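Note that each Cβ is placed from the backbone with ideal geometry, even for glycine, and that neighbours are counted across all protein chains shown. What follows draws every value from the coordinates through simple rules; no lab data is involved.
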Amino acid sequence: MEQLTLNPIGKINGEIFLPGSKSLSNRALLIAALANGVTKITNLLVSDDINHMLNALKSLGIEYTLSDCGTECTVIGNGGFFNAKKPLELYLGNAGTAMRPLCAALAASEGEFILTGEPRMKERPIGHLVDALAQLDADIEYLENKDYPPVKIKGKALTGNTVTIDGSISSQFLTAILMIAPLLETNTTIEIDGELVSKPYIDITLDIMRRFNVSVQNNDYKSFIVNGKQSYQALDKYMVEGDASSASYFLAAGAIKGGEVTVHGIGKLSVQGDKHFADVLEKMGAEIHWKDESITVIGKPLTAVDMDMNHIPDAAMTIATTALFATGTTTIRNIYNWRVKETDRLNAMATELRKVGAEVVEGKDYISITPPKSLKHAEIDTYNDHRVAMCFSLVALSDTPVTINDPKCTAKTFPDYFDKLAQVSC
């Protein structure tokens with residue numbers, strides 16, 4: 001079907017405004033809906049997943065006003081859990097980051113609810129959440145397949161006390177439990193068996209909760225101590241941070257071909273995991289300046305690195321194409337996570353990199369990249385993966401054009417990517 005050809009960019013320079021991150025947009029919405037008072041949410045993500053969260057909240061009785069074409073939401077807080085007089089079916093599409101938090105809040109609410117989504121969501125397991133909610137006394141039933149949505153929920157006053165949980169495999173469910181637990185009538189102790197995956201995901205959640213006046217004690221991710229009978233308090237203004245993974249492409253472009261780029265939407269107080277990406281560009285020679293709500297990169301000659309990037313696997317992909325512009329052989333280590341996605345991103349990146357003329361070595365969990373003297377013109381297969389398209393856009397910072405197949409695979413996660421890139425291309 002479609003291809004996009006990007007022609008050689010002589011220089012990158014300018015400002016990029018990142019839209020709100022998906023998962024923080026959902027957390028901001030749910031928290032503001034539960035809070036006491038009026039919150040103005042700014043930089044809210046405009047997308048189909050957020051629109052389902054907005055619709056679910058409207059169904060549940062929450063009053064808000066949208067403005068600036070959906071990027072600003074003034075929410076009148078409900079001051080606690082929801083109350084629906086009639087059975088509601090809430091359809092959350094493919095909104096994974098809304099699904100678990102809402103399931104938790106609805107389990108604590110008064111009403112009867114059916115929670116469902118697209119066939120893609122129905123293949124995402126929910127058993128850990130459901131088991132943790134059952135330890136809080138929740139009443140939830142699988143309507144189709146055991147451990148999968150869709151679910152029927154009869155809301156109850158949940159009782160906290162001791163919740164014992166396994167944090168290897170998934171941490172998404174913990175986030176949902178952390179959000180509701182302060183609002184219960186009892187105190188809650190959450191105990192984690194294993195080593196907990198996705199720590200930054202927990203950090204973001206506890207960070208936004210703290211901004212809405214709710215504290216939880218985190219004991220090194222092995223236990224969480226929660227005081228009950230807390231209440232979220234509305235913020236005058238809350239700006240949804242942009243996605244740090246999305247920042248990576250523009251920071252890399254600025255390091256390679258700048259000029260100066262300032263990415264707005266992510267700043268110095270962010271606790272997103274992929275904020276660590278900037279450190280890799282610094283080790284490569286780029287100059288980085290963190291500011292209150294933005295980060296600035298200034299272009300410098302880059303040198304290859306050999307580093308573990310286990311902590312930032314999405315943004316690490318950006319490093320694989322940035323390596324095409326660095327002196328020496330770049331090695332990205334400890335990225336087995338790339339292999340367990342829909343498509344094996346390790347082999348996919350390697351295959352496309354060889355097409356532009358790089359020498360690439362693939363191991364179980366590393367990739368090693370040696371740039372050619374001159375890049376070759378290629379038609380890049382994107383494997384339905386937004387990240388592959390966005391990484392290989394950086395090839396246009398060479399003397400050679402790049403053709404990207406199926407560029408609309410960006411449409412659901414970052415539709416304006418290519419337009420934003422053109423805004424900073426001179």
**Report entry** Over the chain: helical MRE at 222 nm, DSSP H runs n ≥ 4 each giving -39500 (n - 2.57), nearest 500
**Finding:** -9000 deg cm²/dmol
Report task. For the chain, calculate the relative contact order in percent as a whole number, restricting contacts to Cα pairs under 8 Å that are 6 or more residues apart. Result -> 17
Query raised in the report: Net charge near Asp193, counting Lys/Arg +1 and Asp/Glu -1 over other residues with Cβ under 15 Å of its Cβ?
Result: -4
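Mind checking the dipole of region 106-151: about its Cα centre, +1 per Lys or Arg Cβ, -1 per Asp or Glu Cβ, Debye to the nearest 20? Show your work: numbers first, answer last.
Working: 4 positive and 10 negative charges, 56 e Å.
Using only the charged Cβ atoms, the result is roughly 260 debye.
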Query raised in the report: Going through region 39-118, which trypsin sites (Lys or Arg not before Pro) have at most 14 other Cβ atoms within 10 Å and a DSSP loop state?
Result: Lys85
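Please work out the FRET efficiency for the pair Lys373 and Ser198, using the Cβ-Cβ distance as r and a Förster radius of 25 Å; give the result to the nearest 0.05.
Values: r = 40 Å, r/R0 = 1.61.
Rounded to the nearest 0.05, the efficiency is 0.05.
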Requested in this report: Pull up the DSSP beta bridges for the chain and report the antiparallel fraction as a percent, rounded to 5.
Outcome: 65
**Report entry** For region 11-35 and region 83-146, distance of Cα centres in Å
**Finding:** 24
**Report entry** Cα pair distances of region 207-268 binned at 10 Å [whole percent]
**Finding:** 17, 30, 25, 19, 8, 0
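Counting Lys and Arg as +1 and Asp and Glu as -1, each charge on the Cβ, what is the dipole of region 20-224 about the Cα centre in debye, to the nearest 20? Mind showing how you got there, number by number?
Values: 18 positive and 24 negative charges, 80 e Å.
In debye, rounded to 20, region 20-224 gives about 380.
Quick check: net charge around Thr42, other residues with Cβ under 10 Å of its Cβ, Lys/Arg +1 and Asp/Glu -1? Mind dumping the intermediate values first?
Details: positive: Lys40, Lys237; negative: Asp68, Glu72.
With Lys, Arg at +1 and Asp, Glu at -1, the net is 0.
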Query raised in the report: Could the peptides 70-81, 236-247, 189-200 be put in order, highest first, of the mean number of other beta-carbon atoms found within 10 Å of their residues?
Result: 236-247, 70-81, 189-200
Query raised in the report: By a straight-distance test (C-alpha under 18 Å), which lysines pair with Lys122 as possible cross-link partners, with residues fewer than eight away in the same chain excluded?
Result: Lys146, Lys152, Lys341
Report summary line: region 291-347 and region 204-260 have their Cα centres apart by a whole-number Å value of 22
Query raised in the report: Leaving out same-chain residues fewer than 8 places away, which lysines sit with a Cα under 27 Å from that of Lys373?
Result: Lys11, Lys257, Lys283, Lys300, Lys355
Report summary line: Normalised Cα Rg of region 11-102, dividing by 2.2 N^0.38 Å with N its residue count, works out at 1.16
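At a 10 angstrom cut-off on C-beta neighbours, averaged per residue, how do the peptides 330-341, 41-52 rank from highest to lowest?
Working: 330-341: 18.2, 41-52: 20.2.
Taking the mean over residues of other Cβ atoms within 10 Å, the ranking is 41-52, 330-341.
So if we plug the beta-carbon distance of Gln233 and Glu191 into 1/(1 + (r/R0)^6) with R0 = 22 Å, what FRET efficiency do we get, rounded to 0.05? Mind showing how you got there, number by number?
Details: r = 28 Å, r/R0 = 1.29.
Using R0 = 22 Å, I get an efficiency of 0.20.
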Query raised in the report: Expressed as a fraction of 2.2 N^0.38 Å, the rule-of-thumb size for a compact globular protein of N residues, what is the C-alpha radius of gyration of the chain?
Result: 1.02
Report summary line: Given unit charges at Cβ for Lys, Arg (+) and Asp, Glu (-), the dipole magnitude of the chain about its Cα centre in debye, nearest 20, is 300
**Report entry** Partner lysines for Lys222 [C-alpha distance under 23 Å; skip if fewer than 8 residues away on the same chain]
**Finding:** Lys199
Query - Separation in nanometres of the label points that stand 7 Å from Cα toward Cβ, at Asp365 and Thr42 - result: 4.3
Requested in this report: Return the sequence-ordered ³J(HN,Hα) values of region 69-80 in whole Hz as given by the Karplus equation 6.51 cos²θ - 1.76 cosθ + 1.60 applied to θ = phi - 60°, using x for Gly and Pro.
Outcome: 6, x, 8, 10, 10, 9, 10, 8, x, 6, x, x
